[PDB]
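Below you'll find only one chain, the form solved without the partner chain, shown as structure tokens.
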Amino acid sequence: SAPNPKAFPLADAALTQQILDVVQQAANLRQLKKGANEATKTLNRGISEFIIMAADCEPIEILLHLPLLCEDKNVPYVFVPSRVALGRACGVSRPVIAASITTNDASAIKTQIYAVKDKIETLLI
């Protein structure tokens, strides 16, 4: 399924690969929450480094609050094309439509997380 018109901004192929790879590392390190509801809670608590969403989430309305919340909290957010690919990156057997990489300033992958953040920020103008 093609990216939903409401899925903005959409990471290109390269940035998608960069994001999914960082997601896999955060999953291994347990620096990751999965699901729209868990993502929301990280934002409400101010512990989200960035938000990842699936552009083929169906129905799309389930995740539409996240861009609003991220703009409110000045947290970078981005869509990747595939919930199936996001799911496996997250280390689970199911599709995942939203994920949040959480704050850890002593993280072994902090620099990879800031590099993704910088790329997303460029998409967000």
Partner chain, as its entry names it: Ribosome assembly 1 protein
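Note that the rigid core is defined as the largest set of C-alphas that superpose within 1.5 Å between two forms. Positions refer to the first chain, counted from 1. Only residues modelled in both forms are compared.
Beyond what is shown, the protein has a form solved in complex with the partner chain; the following relates to that form.
Although the partner is absent from this view, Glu71 contacts the partner chain in the deposited complex, with a non-hydrogen atom inside 4.5 angstroms. Among heavy atoms of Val75, some come within 4.5 Å of the partner chain in the deposited complex. In the deposited complex, no heavy atom of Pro95 sits within 4.5 Å of the partner chain. Under a 4.5 angstroms non-hydrogen atom cutoff, the partner chain in the deposited complex lacks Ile62 among its neighbouring residues. From the list 96 to 104, 75 to 83, 27 to 35, 40 to 48, the contact stretch for the partner chain in the deposited complex under a 4.5 Å heavy atom rule is 75 to 83.
Within 4.5 angstroms of the partner chain in the deposited complex, the stretch 12 to 41 places no non-hydrogen atom at all. Core-superposed comparison between the shown form and the other one: the Cα of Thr111 travels 2 Å or more. Annotation for the pair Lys110/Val75: C-alpha atoms approach each other in the deposited complex, by 3 Å or more compared with this form. A change of 3 Å or more separates the two forms for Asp118 and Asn104: their C-alpha atoms lie farther apart in the deposited complex. The rigid-core fit between the shown form and the other one yields exactly one 3+ residue run with every Cα displaced by 2 Å or more: 108 to 124.
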